[PDB]
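S.K.: Sending over a structure as structure tokens; questions will come in a sec.
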Amino acid sequence: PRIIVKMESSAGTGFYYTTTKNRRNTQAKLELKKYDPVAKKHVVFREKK
Amino acid sequence: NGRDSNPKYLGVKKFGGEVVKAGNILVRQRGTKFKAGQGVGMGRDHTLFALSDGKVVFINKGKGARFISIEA
RNA sequence: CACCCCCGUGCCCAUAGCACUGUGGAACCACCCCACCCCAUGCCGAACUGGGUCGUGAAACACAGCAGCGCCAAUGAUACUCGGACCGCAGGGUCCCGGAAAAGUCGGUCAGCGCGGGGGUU
RNA sequence: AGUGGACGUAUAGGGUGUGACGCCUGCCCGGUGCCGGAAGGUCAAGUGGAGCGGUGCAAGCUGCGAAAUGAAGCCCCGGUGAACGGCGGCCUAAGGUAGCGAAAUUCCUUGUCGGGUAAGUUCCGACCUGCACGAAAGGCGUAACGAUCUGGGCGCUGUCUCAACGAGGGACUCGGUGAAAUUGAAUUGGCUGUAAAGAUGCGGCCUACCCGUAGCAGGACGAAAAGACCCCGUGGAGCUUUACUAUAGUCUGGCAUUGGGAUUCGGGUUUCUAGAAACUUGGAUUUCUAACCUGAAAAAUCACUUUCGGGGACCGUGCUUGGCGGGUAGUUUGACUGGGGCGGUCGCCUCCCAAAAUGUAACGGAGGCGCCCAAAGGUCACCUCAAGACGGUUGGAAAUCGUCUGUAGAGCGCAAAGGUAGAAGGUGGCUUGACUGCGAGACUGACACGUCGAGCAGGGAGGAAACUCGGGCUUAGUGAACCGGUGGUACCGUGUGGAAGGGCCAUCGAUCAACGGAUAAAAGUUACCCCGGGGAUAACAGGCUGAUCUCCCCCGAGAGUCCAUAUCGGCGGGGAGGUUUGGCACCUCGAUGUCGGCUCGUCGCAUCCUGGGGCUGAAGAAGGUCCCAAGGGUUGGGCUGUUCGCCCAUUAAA
RNA sequence: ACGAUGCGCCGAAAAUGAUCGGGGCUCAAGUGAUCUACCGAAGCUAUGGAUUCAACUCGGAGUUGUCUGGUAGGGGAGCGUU
RNA sequence: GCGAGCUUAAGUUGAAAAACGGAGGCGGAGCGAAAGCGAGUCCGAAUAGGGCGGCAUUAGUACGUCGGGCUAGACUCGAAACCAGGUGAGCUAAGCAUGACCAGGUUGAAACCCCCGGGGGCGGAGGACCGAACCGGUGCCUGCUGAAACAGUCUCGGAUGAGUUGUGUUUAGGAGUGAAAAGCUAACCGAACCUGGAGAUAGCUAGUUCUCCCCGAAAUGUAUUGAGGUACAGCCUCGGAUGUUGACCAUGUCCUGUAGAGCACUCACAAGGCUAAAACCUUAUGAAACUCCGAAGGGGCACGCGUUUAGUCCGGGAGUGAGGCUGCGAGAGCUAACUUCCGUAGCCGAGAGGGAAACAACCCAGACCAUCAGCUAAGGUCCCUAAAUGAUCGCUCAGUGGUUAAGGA
RNA sequence: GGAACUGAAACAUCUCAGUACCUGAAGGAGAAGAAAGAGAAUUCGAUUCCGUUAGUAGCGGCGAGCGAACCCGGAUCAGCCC
Ligand SMILES: [Mg+2]
Ligand SMILES: [Mg+2]
Ligand SMILES: [Mg+2]
Ligand SMILES: [Mg+2]
Ligand SMILES: [Mg+2]
Ligand SMILES: [Mg+2]
Ligand SMILES: [Mg+2]
Ligand SMILES: [Mg+2]
Ligand SMILES: [Mg+2]
Ligand SMILES: [Mg+2]
Ligand SMILES: [Mg+2]
Ligand SMILES: [Mg+2]
Ligand SMILES: [Mg+2]
Ligand SMILES: [Mg+2]
Ligand SMILES: [Mg+2]
Ligand SMILES: [Mg+2]
Ligand SMILES: [Mg+2]
Ligand SMILES: [Mg+2]
Ligand SMILES: [Mg+2]
Ligand SMILES: [Mg+2]
Ligand SMILES: [Mg+2]
Ligand SMILES: [Mg+2]
Ligand SMILES: [Mg+2]
Ligand SMILES: [Mg+2]
Ligand SMILES: [Mg+2]
Ligand SMILES: [Mg+2]
Ligand SMILES: [Mg+2]
Ligand SMILES: [Mg+2]
Ligand SMILES: [Mg+2]
Ligand SMILES: [Mg+2]
Ligand SMILES: [Mg+2]
Ligand SMILES: [Mg+2]
Ligand SMILES: [Mg+2]
Ligand SMILES: [Mg+2]
Ligand SMILES: [Mg+2]
Ligand SMILES: [Mg+2]
Ligand SMILES: [Mg+2]
Ligand SMILES: [Mg+2]
Ligand SMILES: [Mg+2]
Ligand SMILES: [Mg+2]
Ligand SMILES: [Mg+2]
Ligand SMILES: [Mg+2]
Ligand SMILES: [Mg+2]
Ligand SMILES: [Mg+2]
Ligand SMILES: [Mg+2]
Ligand SMILES: [Mg+2]
Ligand SMILES: [Mg+2]
Ligand SMILES: [Mg+2]
Ligand SMILES: [Mg+2]
Ligand SMILES: [Mg+2]
Ligand SMILES: [Mg+2]
Ligand SMILES: [Mg+2]
Ligand SMILES: [Mg+2]
Ligand SMILES: [Mg+2]
Ligand SMILES: [Mg+2]
Ligand SMILES: [Mg+2]
Ligand SMILES: [Mg+2]
Ligand SMILES: [Mg+2]
Ligand SMILES: [Mg+2]
Ligand SMILES: [Mg+2]
Ligand SMILES: [Mg+2]
Ligand SMILES: [Mg+2]
Ligand SMILES: [Mg+2]
Ligand SMILES: [Mg+2]
Ligand SMILES: [Mg+2]
Ligand SMILES: [Mg+2]
Ligand SMILES: [Mg+2]
Ligand SMILES: [Mg+2]
Ligand SMILES: [Mg+2]
Ligand SMILES: [Mg+2]
Ligand SMILES: [Mg+2]
Ligand SMILES: [Mg+2]
Ligand SMILES: [Mg+2]
Ligand SMILES: [Mg+2]
Ligand SMILES: [Mg+2]
Ligand SMILES: [Mg+2]
Ligand SMILES: [Mg+2]
Ligand SMILES: [Mg+2]
Ligand SMILES: [Mg+2]
Ligand SMILES: [Mg+2]
Ligand SMILES: [Mg+2]
Ligand SMILES: [Mg+2]
Ligand SMILES: [Mg+2]
Ligand SMILES: [Mg+2]
Ligand SMILES: [Mg+2]
Ligand SMILES: [Mg+2]
Ligand SMILES: [Mg+2]
Ligand SMILES: [Mg+2]
Ligand SMILES: [Mg+2]
Ligand SMILES: [Mg+2]
Ligand SMILES: [Mg+2]
Ligand SMILES: [Mg+2]
Ligand SMILES: [Mg+2]
Ligand SMILES: [Mg+2]
Ligand SMILES: [Mg+2]
Ligand SMILES: [Mg+2]
Ligand SMILES: [Mg+2]
Ligand SMILES: [Mg+2]
Ligand SMILES: [Mg+2]
Ligand SMILES: [Mg+2]
Ligand SMILES: [Mg+2]
Ligand SMILES: [Mg+2]
Ligand SMILES: [Mg+2]
Ligand SMILES: [Mg+2]
């Protein structure tokens with residue numbers, strides 16, 4: 001198995017994926033950050049995958 | 001044993017009395033063996049590089065109180 | 001920078017610091033003064049903090065004395081060493097020239113320079 | 001095709017292993033093999049084609065494509081040993097039935113006792129503590145047999161003490177014929193030193209008239225075969241197997257050769273008062289004789305006919321499927337390494353070594369990493385830690401609170417060094433800069449990688465702002481390149497338009513850890529060995545060293561009743577010699593023959609005898625021990641290849 | 001009488017034949033201190049001579065200086081044979 | 001030669017001679033992954049860069065010669081092997097068909113017949129006995145450039161059987177045959193021979209010849225199925241450009257944590273006082289991984305305030321990547337080694353000449369040539385053997401000189 | 001029908017190579033040949049051979065390496081029969 005994993009993060013409207021490790025450790029489900037790809041402003045990123 | 005690790009050629013890369021271009025690296029260090037005077041800015045691994053072109057000068061009362069300024 | 005003194009903020013960057021200690025007083029600063037609220041304490045207006053006089057120089061702080069402590073610190077002499085030139089089988093060591101500490105003694109100091117302001121001799 | 005088995009047919013033929021005869025042949029089906037079973041698991045092509053897509057106006061064409069159904073075979077379950085085997089280490093399937101045992105098996109080992117010899121490492125018989133016996137890779141016996149091996153005894157011997165005399169064929173001399181391996185060139189001595197460390201050839205010193213001839217076998221590291229031992233070569237070959245890969249062969253499903261039919265049909269169509277006759281597309285047993293195979297009759301193999309006889313749509317063969325496949329075949333089987341092997345190591349981080357720049361080796365001295373953290377980040381704001389003493393509730397050396405001291409004696413996620421008190425340590429509020437596009441400048445590296453990085457854009461986050469954010473105090477938390485997966489993008493996309501496929505940006509797959517990484521895919525063995533090389537490199541011998549070995553000397557505790565030193569000398573120290581086991585790797589792998597014996601010897605002296613002494617715990621005698629002394633001398637046998645050692649029996653002494 | 005020291009004695013045995021290189025040396029040829037005088041190299045100086053380079057002159061030549069140990073190697077000028 | 005252009009190939013026509021032949025090649029524009037834009041271009045949402053032109057527009061191209069590179073035997077010789085198609089059973093390993101051979105002597109199985117399994121006769125069996133041929137090779141010796149490429153004398157095995165032997169014949173290369181050694185297969189069988197592939201490959205060895213001039217190395221670093229081999233640096237040389245940038249030495253400045261030295265922290269540790277002994281004080285010490293300290297030196301910069309001549313880059317060719325000693329400084333070792341591994345200087349490698357008897361490394365001194373010239377270095381001056389049996393104050397009477405120490409006198 | 005050394009610095013795909021070799025048919029030659037083609041201009045108009053395109057395209061453990069064709073230029077050019 002593994003503990004930590006490399007999870008992906010698609011934007012609302014889905015153009016992009018930033019990919020970085022979380023860890024099943026403290027993060028038992030949560031994955032909600034933000035970044036700017038195709039749109040100007042940084043947008044919400046649901047790092048579920 | 002018989003193990004060992006690569007050299008990290010650290011040092012005072014630029015010695016006082018050396019003109020320096022902006023972005024020249026002047027001291028390499030594990031930490032703040034030098035503490036960066038006026039004109040200099042210290043990086044992530046605590047190497048400190050000049051920002052402004054000019055002469056390099058050592059402020060140095062020592063005992064962790066050594067600083068590197070650059071004079072234009 | 002007329003003379004002192006206070007509040008602050010620098011340079012310096014323990015020869016400036018500690019302790020013993022004495023002066024200080026509503027001028028400055030400081031505690032005490034109260035707290036539903038601004039604001040805050042992972043409990044306490046102790047800390048921030050907001051509303052103020054008395055009171056008091058107690059404590060803290062400022063300023064003087066102070067060589068018990070720390071801090072600095074020669075000269076002199078070495079240690080060591082650059083070059084030169086040697087001995088000992090060896091560990092090791094010597095000589096010539098020149099650079100030369102560390103520790104200790106002698107002795108030095110409870111500092112030294114600014115800038116703005118406040119109140120004094122009215 | 002044809003043959004052998006075999007013109008044989010289960011009392012025969014093939015294979016495997018034991019190896020007359022005798023008494024016998026125990027335990028253990030767990031793995032492996034094989035033989036049975038075959039409820040279930042898995043498993044190819046094929047049958048099926050539900051759906052997912054292109055491309056066309058569409059008909060249609062076309063790329064993928066499940067579920068179910070598909071054999072052997074493996075997983076599973078029994079069993080099988082005169083199957084492969086196992087029957088031991090202060091739980092495994094079991095743990096040794098008989099018989100034997102110091103063995104052809106015994107390391108310690110010359111085991112202990114007895115036998116035999118004056119003396120027995122051998123041998124024989126007992127014992128058993130069987131390193132490391134054992135029952136058809138057979139256990140225990142066995143008469144007879146053996147150019148078999150071992151031990152003994154008789155007999156006789158020149159095997160020997162110890163050699164002598166004789167014969168003949170050489171050998172030698174004369175005449176005739178007359179080669180060979182070899183050969184840098186030779187005007188080619190002894191010592192001692194020196195040099196690549198074994199000198200005729202370099203140094204000194206000694207000796208030596210020129211030349212033969214018969215002899216010997218120390219030297220010329222003599223001769224001969226570019227070491228068969230050892231190491232190396234990304235050499236070779238033979239052999240092995242549960243290394244890899246294939247594959248003859250071999251088993252299995254489907255299709256063709258290959259067919260009528262009855263019989264049960266999950267189903268097809270037009271057929272008809274949920275229904276069945278014409279009929280199947282198949283499958284399934286069963287059966288049939290024209291395909292085919294095979295056998296008998298004047299016509300031996302073959303063809304005909306066969307009153308014919310048997311099998312039979314199987315067997316055989318063609319394609320294709322999946323399995324078995326050391327029988328065959330082609331190969332893989334790492335390096336460093338004070339010789340190879342074994343052990344260890346292979347990448348990154350920290351310190352010392354590292355000789356005050358950077359750098360620097362070692363199978364040198366120490367230890368870490370193959371990750372973590374949704375907050376251990378960004379920012380804003382706020383706290384200050386060990387430890388001690390006095391005092392204290394159930395606790396008391398150390399819980400917890402309270403005062404005093406407290407540039408840190410703490411902490412910093414893991415290892416340490418640096419660093420840190422105005423914080424990187426501790427504690428909250430907000431949110432993600434754990435951003436996209438860039439990169440002036442440098443550090444570092446052979447490259448390739450790697451490190452740091454001001455500032456600009458778009459846009460965020462915190463702060464009232466200055467400002468700070470493109471990860472963590474820092475230094476480890478990692479692998480180019482190829483081949484592919486997933487999401488975007490709209491660059492190529494072969495006549496054109498599309499699509500298939502490809503490119504790009506993102507991301508995923510690596511103890512490829514032998515960590516710059518030979519393939520997608522790989523172990524042994526050689527003593528039957530072969531080649532090419534190496535004194536680049538071991539075994540011997542010489543050399544250098546001298547830890548270990550041999551020896552001496554100093555001291556002096558005590559022993560010696562007494563008295564250190566007649567003798568002996570703790571615990572420590574100093575030297576010598578090069579004889580031991582070594583280290584090192586210097587000459588020698590186009591060759592330096594190695595252990596023991598035998599034969600010749602010669603030298604040292606640290607002296608076993610003999611000679612001269614001193615002291616003595618020397619009355620005498622026999623001694624002890626030290627000094628001077630190398631002329632000579634120092635025995636014969638049993639045991640073992642032995643050196644050695646033990647023993648017999650003597651010695652001036654062995 | 002303990003001491004510092006200068007030069008020496010003992011301590012101090014290996015293997016074919018000895019030795020400081022030999023002779024021989026104290027009636028110094030040992031030694032420590034000084035001072036000369038000479039020997040002594042392919043180093044340096046003299047005379048002659050030729051190359052490499054470079055300046056300097058005339059349409060390689062000549063002058064002045066200078067240089068010339070050499071393995072793997074790089075460069076250059078040339079001699080011999082068909 | 002022609003030059004912003006330059007030139008053919010195949011061929012055609014001529015040949016005692018060469019011309020024609022422009023298909024085609026190179027220069028002229030680059031950036032990009034490509035579409036594609038174009039002195040601009042890729043990355044990107046615009047500005048920060050990369051390559052590129054301007055600028056120095058550095059002129060190209062067809063030949064010749066030569067240095068290198070590639071590919072092919074590719075400087076020459078040299079494998080053990082592998083594969084293909086053949087040739088071989090006239091040797092030898094077996095089979096088959098068919099013929100032949102085995103003196104002589106010993107022993108006396110059954111069966112058969114008498115007297116009671118036993119005795120007698122009789123008979124003539126056997127992988128029986130002895131021993132010639134013959135077949136075979138057991139032990140010593142000789143032979144060992146042989147008489148002989150496997151024998152000879154003597155000794156030994158069998159010798160009616162699983163025997164010997166003729167002829168003819170069959171079986172062969174991963175194949176045959178094998179009472180089993182991997183033995184035999186035409187005198188080298190763990191895979192014959194011949195021809196061929198084929199000049200296999202060879203990171204391995206050896207060898208590579210005419211002369212003179214000039215310069216002159218390396219045995220280091222990193223990477224490697226790498227270590228005795230290669231790649232890239234490092235060092236050499238040739239040419240072009242640059243133009244003192246070099247180099248030593250001096251001044252100025254900065255950086256360093258060694259020697260030493262110290263305990264202020266860490267480990268250790270020496271005698272005491274103090275005390276529920278950690279702690280504490282007086283005194284006393286060691287430290288590669290201890291540092292309150294801390295030189296000499298050393299490195300970077302700048303100058304040249306001073307003598308010198310190297311340097312830098314760019315293009316062609318290399319080799320070297322095995323080092324050896326000594327001294328100093330460390331590690332490893334035993335404070336061993338002509339030991340092993342690093343730093344550093346010098347020599348040797350690549351070095352001649354004088355000294356050190358001799359002697360790559362030590363001490364002196366870098367050989368252009370010639371001289372029957374002079375001064376010197378190290379080292380020397382009794383004879384060998386060149387040069388003071390020099391001078392002056394001593395020292396040692398030991399041949400010390402001309403081989404150590406603790407210790408004694 | 002069909003190698004293997006060899007290269008790949010090992011070695012399986014790969015190459016070495018349809019090389020060597022064996023075997024068959026045949027001639028002075030042979031083969032091939034008169035487009036159900038190349039190809040992208042609605043061109044070409046049999047086959048063979050040279051130059052070239054060109055180491056371009058492309059194939060490849062995308063490794064060692066392997067490598068076209070069209071256009072165009074020449075040599076020769078006849079299409080005939082069922
Ligand atoms: Mg170790
Ligand atoms: Mg002084
Ligand atoms: Mg000096
Ligand atoms: Mg010195
Ligand atoms: Mg001095
Ligand atoms: Mg057997
Ligand atoms: Mg015994
Ligand atoms: Mg025995
Ligand atoms: Mg037995
Ligand atoms: Mg006995
Ligand atoms: Mg016995
Ligand atoms: Mg058995
Ligand atoms: Mg047996
Ligand atoms: Mg017998
Ligand atoms: Mg026999
Ligand atoms: Mg006997
Ligand atoms: Mg006689
Ligand atoms: Mg005679
Ligand atoms: Mg004669
Ligand atoms: Mg004659
Ligand atoms: Mg010697
Ligand atoms: Mg020598
Ligand atoms: Mg001689
Ligand atoms: Mg001579
Ligand atoms: Mg002889
Ligand atoms: Mg050899
Ligand atoms: Mg060999
Ligand atoms: Mg091999
Ligand atoms: Mg098959
Ligand atoms: Mg298959
Ligand atoms: Mg095999
Ligand atoms: Mg190896
Ligand atoms: Mg350093
Ligand atoms: Mg090195
Ligand atoms: Mg902070
Ligand atoms: Mg920034
Ligand atoms: Mg911004
Ligand atoms: Mg705001
Ligand atoms: Mg995609
Ligand atoms: Mg790979
Ligand atoms: Mg590597
Ligand atoms: Mg053999
Ligand atoms: Mg050799
Ligand atoms: Mg050697
Ligand atoms: Mg040896
Ligand atoms: Mg030995
Ligand atoms: Mg030889
Ligand atoms: Mg020889
Ligand atoms: Mg004696
Ligand atoms: Mg006596
Ligand atoms: Mg007596
Ligand atoms: Mg003797
Ligand atoms: Mg005199
Ligand atoms: Mg003179
Ligand atoms: Mg001279
Ligand atoms: Mg000269
Ligand atoms: Mg002249
Ligand atoms: Mg020269
Ligand atoms: Mg010279
Ligand atoms: Mg020369
Ligand atoms: Mg440019
Ligand atoms: Mg040319
Ligand atoms: Mg050349
Ligand atoms: Mg080249
Ligand atoms: Mg060859
Ligand atoms: Mg017989
Ligand atoms: Mg008998
Ligand atoms: Mg025989
Ligand atoms: Mg007999
Ligand atoms: Mg062959
Ligand atoms: Mg076979
Ligand atoms: Mg033979
Ligand atoms: Mg070939
Ligand atoms: Mg190498
Ligand atoms: Mg290179
Ligand atoms: Mg420069
Ligand atoms: Mg300069
Ligand atoms: Mg020290
Ligand atoms: Mg240094
Ligand atoms: Mg200047
Ligand atoms: Mg070059
Ligand atoms: Mg090397
Ligand atoms: Mg070295
Ligand atoms: Mg040691
Ligand atoms: Mg050495
Ligand atoms: Mg060595
Ligand atoms: Mg050499
Ligand atoms: Mg030299
Ligand atoms: Mg010399
Ligand atoms: Mg000498
Ligand atoms: Mg001489
Ligand atoms: Mg020599
Ligand atoms: Mg020499
Ligand atoms: Mg030497
Ligand atoms: Mg000298
Ligand atoms: Mg002279
Ligand atoms: Mg002199
Ligand atoms: Mg004389
Ligand atoms: Mg002494
Ligand atoms: Mg290869
Ligand atoms: Mg191969
Ligand atoms: Mg052919
Ligand atoms: Mg032919
Ligand atoms: Mg023919």
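Residue names in the structure tokens use chain letters A, B, ... in the order shown, residue numbers from 1 in each chain, and ligand numbers from 1 in the order shown.
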As a list in words, please: the residues near residue 41 of chain A (cut-off 10 Å, only C-alpha atoms (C1' of nucleotides), same-chain neighbours under 5 positions excluded).
M.R.: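 These residues fall inside the cut-off: residues 34, 35 and 36 of chain A; 458, 459 and 460 of chain D.
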S.K.: Tell me, as a VMD selection string, which residues lie within 12 Å of residue 47 of chain C, counting only C-alpha atoms (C1' of nucleotides); anything in the same chain fewer than 4 positions away does not count.
M.R.: (chain C and resid 40 to 41) or (chain D and resid 382 to 383)
S.K.: Enumerate as a VMD selection string all residues of chain A assigned to strand (DSSP E or B) by DSSP on the backbone, naming them with the chain letters and numbers the document uses.
M.R.: chain A and resid 6 to 7 10 to 11 17 20 to 21 32 to 35 43 to 46
S.K.: Hey, which residues come within 12 Å of ligand 65 if we count only C-alpha atoms (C1' of nucleotides) and all ligand atoms? Could you give them as a PyMOL selection string?
M.R.: chain F and resi 73+76-79+198-202
S.K.: As a list in words, could you give me every residue of chain B near chain C (at most 12 Å apart, counting only C-alpha atoms (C1' of nucleotides))?
M.R.: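 Written out as asked, the residues are residues 59, 60, 61, 62, 63, 65 and 66 of chain B.
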S.K.: Save the residues we just selected, C-alpha atoms, as a compact mmCIF listing (two decimals), in the first residue's frame?
M.R.:
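result16.txt was written with the following content:
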# COMPACT_ATOMS: atom_id res chain seq x y z
CA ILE B 59 31.03 44.97 8.73
CA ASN B 60 32.44 42.57 11.29
CA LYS B 61 32.36 42.97 15.06
CA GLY B 62 32.08 39.17 14.96
CA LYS B 63 30.63 36.42 17.18
CA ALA B 65 27.78 39.78 14.27
CA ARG B 66 29.44 39.82 10.85
S.K.: Neighbouring residues of residue 27 of chain B were defined as those with any atom within 8 Å, considering only C-alpha atoms (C1' of nucleotides); residues of the same chain fewer than 5 positions away were excluded. Please report them as a PyMOL selection string.
M.R.: chain B and resi 10-14+34+47-49
S.K.: Find the residues in chain D near chain B: any atom within 7 Å counts, using only C-alpha atoms (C1' of nucleotides). Write them as a ChimeraX atom specification.
M.R.: /D:349,358,418-419,441-443,452-454,474-475
S.K.: Nearest to chain B among F:154, F:206, F:302, F:17, with distances taken over only C-alpha atoms (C1' of nucleotides): which residue is it?
M.R.: F:302
S.K.: What does the list of residues within 12 Å of ligand 8 look like if you count only C-alpha atoms (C1' of nucleotides) and all ligand atoms, written as an MDAnalysis selection string?
M.R.: chainID D and resid 102:106 121:124 149:151
S.K.: Based on the selection just made, write C-alpha atoms (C1' of nucleotides) of those residues as a PDB file, in the first residue's frame.
M.R.:
ATOM      1  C1'   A D 102      37.254 -45.240  15.773  1.00  0.00           C
ATOM      2  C1'   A D 103      34.545 -48.282   9.533  1.00  0.00           C
ATOM      3  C1'   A D 104      36.943 -47.589   2.465  1.00  0.00           C
ATOM      4  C1'   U D 105      32.298 -43.620   6.715  1.00  0.00           C
ATOM      5  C1'   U D 106      36.271 -41.090  13.117  1.00  0.00           C
ATOM      6  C1'   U D 121      50.408 -43.484  14.289  1.00  0.00           C
ATOM      7  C1'   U D 122      49.551 -49.436  10.871  1.00  0.00           C
ATOM      8  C1'   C D 123      46.932 -53.828  11.797  1.00  0.00           C
ATOM      9  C1'   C D 124      43.114 -57.412  14.793  1.00  0.00           C
ATOM     10  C1'   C D 149      44.291 -53.810  -1.261  1.00  0.00           C
ATOM     11  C1'   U D 150      46.078 -54.286   4.388  1.00  0.00           C
ATOM     12  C1'   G D 151      48.551 -56.575   8.586  1.00  0.00           C
TER      13        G D 151
END
S.K.: Using only C-alpha atoms (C1' of nucleotides) and all ligand atoms, which residues have at least one atom no more than 10 Å from ligand 45? Output them as a PyMOL selection string.
M.R.: chain D and resi 538-542+585
S.K.: Using C-alpha atoms (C1' of nucleotides), can you write the selected residues to a file as a PDB file, in the first residue's frame?
M.R.:
ATOM      1  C1'   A D 538      48.444 -15.849  -5.301  1.00  0.00           C
ATOM      2  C1'   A D 539      50.643 -21.025  -3.963  1.00  0.00           C
ATOM      3  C1'   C D 540      57.374 -22.072  -3.446  1.00  0.00           C
ATOM      4  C1'   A D 541      61.964 -19.776  -2.942  1.00  0.00           C
ATOM      5  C1'   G D 542      64.918 -15.280  -2.335  1.00  0.00           C
ATOM      6  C1'   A D 585      54.035  -7.805  -3.408  1.00  0.00           C
TER       7        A D 585
END
S.K.: Please provide as a ChimeraX atom specification all residues within 12 Å of residue 27 of chain C, with the sequence filter that same-chain residues fewer than 2 positions apart are discarded (counting only C-alpha atoms (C1' of nucleotides)).
M.R.: /C:5-7,25,29,118-120
S.K.: Counting only C-alpha atoms (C1' of nucleotides) and all ligand atoms, name the residues that have an atom within 9 Å of an atom of ligand 101; the answer should be given as a ChimeraX atom specification.
M.R.: /D:330-331 /F:82 /G:4-6,11
S.K.: Write the residues of the selection above to a file with C-alpha atoms (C1' of nucleotides), as a PDB file, in the first residue's frame.
M.R.:
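Below is the file selection.pdb, written as the result:
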ATOM      1  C1'   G D 330      20.993 -20.381 -28.359  1.00  0.00           C
ATOM      2  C1'   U D 331      22.606 -17.731 -24.358  1.00  0.00           C
TER       3        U D 331
ATOM      4  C1'   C F  82      30.892 -21.097 -34.789  1.00  0.00           C
TER       5        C F  82
ATOM      6  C1'   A G   4      27.010 -18.949 -38.421  1.00  0.00           C
ATOM      7  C1'   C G   5      30.825 -16.454 -36.879  1.00  0.00           C
ATOM      8  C1'   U G   6      30.147 -11.062 -36.446  1.00  0.00           C
ATOM      9  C1'   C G  11      22.762 -10.886 -25.581  1.00  0.00           C
TER      10        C G  11
END
